[PDB]
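In the block that follows, a single chain appears as C-alpha cells, in the form deposited in one PDB entry.
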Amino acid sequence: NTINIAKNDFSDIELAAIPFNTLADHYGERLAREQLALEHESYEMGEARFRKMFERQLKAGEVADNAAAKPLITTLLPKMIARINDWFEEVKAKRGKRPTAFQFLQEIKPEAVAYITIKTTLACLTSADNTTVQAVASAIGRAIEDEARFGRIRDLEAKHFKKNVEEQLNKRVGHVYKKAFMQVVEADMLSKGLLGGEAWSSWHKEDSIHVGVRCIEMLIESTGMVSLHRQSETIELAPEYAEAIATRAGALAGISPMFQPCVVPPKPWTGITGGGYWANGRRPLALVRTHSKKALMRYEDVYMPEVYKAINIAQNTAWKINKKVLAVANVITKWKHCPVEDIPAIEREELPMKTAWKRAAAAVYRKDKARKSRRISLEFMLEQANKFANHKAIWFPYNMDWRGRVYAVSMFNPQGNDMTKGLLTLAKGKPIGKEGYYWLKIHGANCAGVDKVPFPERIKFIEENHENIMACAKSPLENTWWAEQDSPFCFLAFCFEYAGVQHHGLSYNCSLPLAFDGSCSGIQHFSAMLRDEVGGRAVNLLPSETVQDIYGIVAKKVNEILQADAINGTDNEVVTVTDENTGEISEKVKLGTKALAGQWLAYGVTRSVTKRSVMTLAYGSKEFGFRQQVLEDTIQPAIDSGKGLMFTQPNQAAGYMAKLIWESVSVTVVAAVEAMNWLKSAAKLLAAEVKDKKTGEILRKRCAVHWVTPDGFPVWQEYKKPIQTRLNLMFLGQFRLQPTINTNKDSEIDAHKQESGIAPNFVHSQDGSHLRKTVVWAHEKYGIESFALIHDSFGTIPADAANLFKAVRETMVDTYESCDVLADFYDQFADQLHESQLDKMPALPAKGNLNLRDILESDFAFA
C-alpha cells in the first residue's frame, strides 16, 4: 500500500494575545507579527523537508530505514523471530520429509531472516503494486540468499573481512554496488581459499520462492502486518499498521524545524529552556544541547548567573546583511568560471571516456559528489540572506553544547564558512576613529592570509596595496584580485569598508566585525594552566618581536633529530624472531633510522608536514594517528603526484616520521601532553569497575566525570555503551534488538569513551568559559555591545577592537591567576566516589615559569 501523511497545525504556535503584547509595544505589531510569521515558517520548512526526504526513501524501498518505521519494526521483529524459532521446532519434532524451506532458512540466523522479511516486503508494498505474493516471495528469497552467501565470508572464518574487505565495503554505496563488489571479493578469496573452497552452490529460483513464501506466512502468522488479499494472488499492508507509520511520520515532521534568524532581539534566557524564540512552539530551545534529556535537567536549579548574562549579551548582538557583498555573491556564483577558489560549479563536470582511465573516473566522481554538496549549502545560505537583505537588523538566538561552547541556533548564522561570514555584518556601527582604522587594516591583512608576521608589516602590506584595494571596491566584478586572497568575501567585505574611510575619513561609521583569533586554543590553555613557559612562547602567550609558529617550531625540531639519525643511527635489516614487531612469521627489509632519516631529508620536511598533527593533538591524536596523517596528507599525495621517490616502503617511512613528530612536539609543549595524560588517568580510574580481587564483588561502580568551569558552568561527561544489541547485515545495513540477557539493565558507562573524550572536552569547556567571561568583561568594563563569536575567535566593530584586544587578554589572565583548574578538578572527584585504594592517581603536574602577566603585553595571543 501507500503511506498517506498529513500536514500539521502550526497555526497553534501563533502565540496568545497577552504574550503577544510582550512583543508589541516592545517592538511593534509589524515586527512582532513578522517574527511569529518567521517562526511559523521555520516549522513549515522543516515539515517540507521531512515529507520530501520521506517520499524519497519510499521510492527506493527504504521505508524500514525511516525513523517512522522503527517504532513498529521493533515491535514486530521479536514476534517474527519467535515464530521462526517455534517453527523450526515443529518441523524437527515432526517425522518424515522436512519442508523444502527449512533447509535454506538454516544458513542465516533467525533474527536476520525476520528483519530481511520485515524490510524486503515492507518495501515491495510501498513501492510498486506488483504486491503479488509470487513477486514479493522472490524478493525475500533473493535477499535471504545474498545475506547467507556473502555473510559467511564475514561471520565464518573471515577476519580478513574486518581488514581487507570491511572498510572497502563502506565505500561502495547502494544495494547494487556492494553486491557487484562482494561477487568480486568472493572470487579472489578463492586464490587463497578462505572458507576452504566450498564455492556457493546457486539456489535455483524454484526454492527461492518456497522460502519467500514460508516467510510471508510466518510473518502473517506471527503478526497481521500484512494481509493476503483473496484472489495468482496479492498482499497488502494492514491498515492499523499503515495508519501507524503515517501517524509517527506526521508527528516527526513537526519537531524538525529549520531555524532562522530573528527580526527582533531574541528572547532572554531565564531558565534551561524557552529562551531564544518567542513563540512557544513544538521544539522549545534548550539552553544546553544535552544527549538524552535527564542531563538537561541537571541544569534545572544550578546557580550560574554569569553564564546566563553571557548567552544573553551575545544573542543580543544586532546583525545585518552586507549588501555590497551580497551584490557580487549573487552573480559571481552563477558564472561558469568563478575567480574564487572552490566555490562550486553551477554545472557538473565530465570525464574522458576513451591502469589509466580507472582514476579518470574515480576522480571526477568524487569531485562531483563533493561539489553537489557544497552547492546545496551555498544556494541555501545565499537564498536566505537575500531574504533578510532589506531588514534594518537581524538577530541570532544562542545556546550551548554540553561542554559550554556557544553555538548560534539558526542554520544561517555568523559561525559559517567564508561566504556566510562575508555576507553578514554588524548593525550598530560607530565612527571608525584613528584606532578602529588601524585594526581594520590589520583585519584586512589577516583576511589576505598575511598573519604570520608582525603588525607594522601587516599595515605595510595594506598600505602597499592601496590601489588594488580601491579597485576591487569600485569594480568587484571587473578587478577580482580580492577573490584570490585566503578569505575572498571577508577580504572583499573589508575592501568596501577600507574604501569608505578613504571617501569619508575617520568620522566614517563602520560596523565590519574584526576578528581576533587565538592560535591553538587547546595548547594555549594547557600551557596557561601549567605555567609552561616553553609551550607558551610557541603559541604566542609571551611577548616577542616575531610571530611564533608552533608547526614551524616542531618541524625545525624534527630536522634536528633528522640529522642525528641520517648519520648516527640504525641500519637496514631483514626481520628476525620476536624483536620489535611482537612476533611475525617471515622477513622483509626493516629499514633503520639512518635509512629513513635519509629519504625525509631527501624530501624537504617543512611546517606543512607537521601542521595537521599539531592541530589534532588537542583532540587526543597520538603517534598512530600521525602515521595516518603524514601518509595521507604528505606521502600518498606526493607519490601520486609522481614527484616523490625518496619513499620505497611508505608505511615504514611514516611510522618513523610519526615517531619524530611525536617526540619533538612532546618536548615543545609539555604542559599540554602532561596535563592530557593526567586528565586521562583521572577519567580512567573513575570509569573503572572496581571488583575486590578476593570476593569478586564490586566495591565501587563505574563513575561519570563532572567539573565546573571558572565562570560557574557545570559539565558532566558520561558516555554510555549501547543499550541494545547491534546486528549488521551485509547489504541491508544494521538494526538494533532487545538484550538477550535480562540482567543487563542499568545503563552502563563507556570507560573507553570516557578516556578519549575527557581531555579535549575539558579544554573546550575552558575555552568556552573564557569566551563567556570575555563577553561579560567587555560589556561591563568597556560597554561593548556587538560580538561576533567563533569559539576562539572574538570580534567587534573597528571602534571597539582596541578594548576587546585588551579584554580578551585580561580575562585569560584573571581567570588562571584566580584558580587552578586541574587541582580544582581533582578536588571534585577525589572524594565523591573514587575511594577504596585506587590511589595510583598521579600527582598534579608541576607548574612552570611562565608569568601570566606577560600575556597582557603579548600582541599575537589574541585570545
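Each form is matched to the other, and the largest set of C-alpha atoms that superpose within 1.5 Å is called the rigid core. A residue's number is simply how far along the shown sequence it sits, counting from 1.
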Find out whether the coordinates of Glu89 are absent in at least a third of the other compared PDB entries of the same protein. no
Among the other entries of this protein that model both neighbours of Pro352, is it absent from at least a third? yes
Chain break class for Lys192 to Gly193, judged by how many deposited residues have no coordinates: none
Residues without coordinates, deposited sequence, stretch from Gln231 to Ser232: is the count none, 1 to 3, 4 to 9, or 10 or more? 4 to 9
Which is higher in the entry, the mean Cα B factor of 780-788 or that of 105-113? 105-113
Taking the recorded C-alpha temperature factors, which stretch has the higher mean, 362-370 or 308-316? 362-370
Check the PDB entry and point out which of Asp188, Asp532, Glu697, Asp517 has the largest C-alpha temperature factor. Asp188
Based on the PDB entry, the highest CA temperature factor among the options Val669, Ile553, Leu285, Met730 is that of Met730
Assert third(CA B-factor, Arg30) within chain per record equals middle
Would you mind ranking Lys806 by its C-alpha B-factor against the rest of the chain and naming the third, lowest, middle or highest? lowest
Entry-reported Cα temperature factor of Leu838, expressed as the chain third it lands in: highest
Where the record places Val325 (Cα B-factor, split into thirds across the chain): lowest
Would you please rank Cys495 by its C-alpha temperature factor against the other modelled residues of its chain and give the third it falls in: lowest, middle or highest? lowest
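Below: the form deposited in another entry, not depicted.
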Upon rigid core superposition, which of the listed residues (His160, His706, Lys452, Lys720) is displaced by 2 angstroms or more at its Cα between the shown form and the other one? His160
Given a core-based superposition, decide whether the C-alpha of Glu198 shifts by 2 Å or more between the shown form and the other one. yes
Could you tell me whether the Cα atom of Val302 shifts by at least 2 Å between the shown form and the other one after core superposition? no
Is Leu169 one of the residues whose C-alpha moves 2 Å or more between the shown form and the other one after the core fit? yes
Quick one: in the other form, is the Cα gap between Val288 and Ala16 smaller or bigger than here? Answer closer or farther; it shifts by 3 Å or more. farther
Indicate closer or farther: the Cα atoms of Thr420 and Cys338, in the other form, relative to the displayed form, with a change of 3 Å or more. closer
